[PDB]
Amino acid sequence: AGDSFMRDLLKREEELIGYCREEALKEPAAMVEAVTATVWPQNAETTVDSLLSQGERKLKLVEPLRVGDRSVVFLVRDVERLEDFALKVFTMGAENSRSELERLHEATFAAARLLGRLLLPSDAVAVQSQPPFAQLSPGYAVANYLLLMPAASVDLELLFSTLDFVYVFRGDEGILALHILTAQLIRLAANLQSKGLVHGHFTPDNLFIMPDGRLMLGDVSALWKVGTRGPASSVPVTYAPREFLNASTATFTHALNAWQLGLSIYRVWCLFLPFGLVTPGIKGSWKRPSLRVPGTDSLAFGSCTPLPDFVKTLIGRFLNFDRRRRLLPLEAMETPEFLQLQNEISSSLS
């Protein structure tokens, strides 16, 4: 800890992060406004039934936090436990949304039971007097299925867009934070590997710095035992290596997460993705939709924050296009480069 530095950094920039979080809610403000009124049509405090206990809970809106591709996540206060929670609400664009959410619920909580570094939901609730999972009234269709979980301080996607939106002088502290986040990402991916696990989206919208400064991975339903076959489409296309883009069914391998780790470290230092891949929310991004389509396939560091050579080497080995020759995170931790990374950090923190 390490973690402590990041905890303190996040606290000191709480106001800048809040500003950028508010800024990111403007393009999708239509969506946000409609969903808020669906869940809190009256006065900010809604009673819901738990789908796990048929206990009740009383949830007060504090503020919207983030919009996703298929959801809005709010900060809420459980007024009987005096604790804040993130609450994720799902939109129902997909024709089979209701069945998809019932499966997601069953899968998520069966996996969470088994387990008890992963950010897990602790409850799922539904507005009273309307059936669970069905479109929630008063109707941007929203499902009557609201997922309660610990609130992250920031997801990495927001951290990157915060770094991109406002130039802020951070001096040596900022550079140290880039080293620490790099080390934290490598240690989290190595923890997956040591357990023979692979996550389908080790991606910045699912990597979270919690209030204690620790990095966590969300969405347990997208964990796989290594070597398992599953739908390639479950990997976001800009974070998929070519071996995933080329099949309907793919094998979930450690090489996937080495690739995804390489992309996130590249974003820590560069904010946009490499290889010209489209990176919404970041100014420097090019517009290539995936590695399926031709483009520039060499690594470019010219527009990044200046990177240590040992970081460039690590990124380059994680992003080897040959899945057989791609460096894995546990082996990365035994390389001279990772040792230089650790020692840079240790000597700056002393």
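Sequential numbering from 1, following the sequence displayed.
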Next item on the list: Count up the deposited residues without coordinates from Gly139 to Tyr140 and drop the result into none, 1 to 3, 4 to 9, or 10 or more.
Entry: 1 to 3
Margin query: What does the record say about the segment between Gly171 and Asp172: how many deposited residues are without coordinates (none, 1 to 3, 4 to 9, 10 or more)?
Written below: none
Notebook entry, point to check: Comparing 282-290 with 46-54, which stretch shows the greater average C-alpha B-factor in the deposited entry?
Noted result: 46-54
Margin query: Mean CA temperature factor from the deposited coordinates, higher in 157-165 or in 128-136?
Written below: 128-136
Checklist line | Highest recorded Cα temperature factor - choice among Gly68, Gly316, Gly302, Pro64 | finding: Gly302
Check: Among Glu243, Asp205, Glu102, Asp219, which carries the highest Cα B-factor?
Finding: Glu243
Next item on the list: Rank-wise, by C-alpha B-factor, drop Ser233 into the lowest, middle or highest third of its chain.
Entry: middle
Notebook entry, point to check: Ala255: which third of its chain by C-alpha temperature factor?
Noted result: lowest
Margin query: Considering every modelled residue of the chain and its Cα B-factor in the PDB entry, is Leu330 in the lowest, middle or highest third?
Written below: middle
Notebook entry, point to check: What third of its chain, lowest, middle or highest, does the C-alpha temperature factor of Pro121 fall into?
Noted result: lowest
Next item on the list: Check where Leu339 lands among this chain's C-alpha B-factors and tell me if it's the lowest, middle or highest third.
Entry: middle
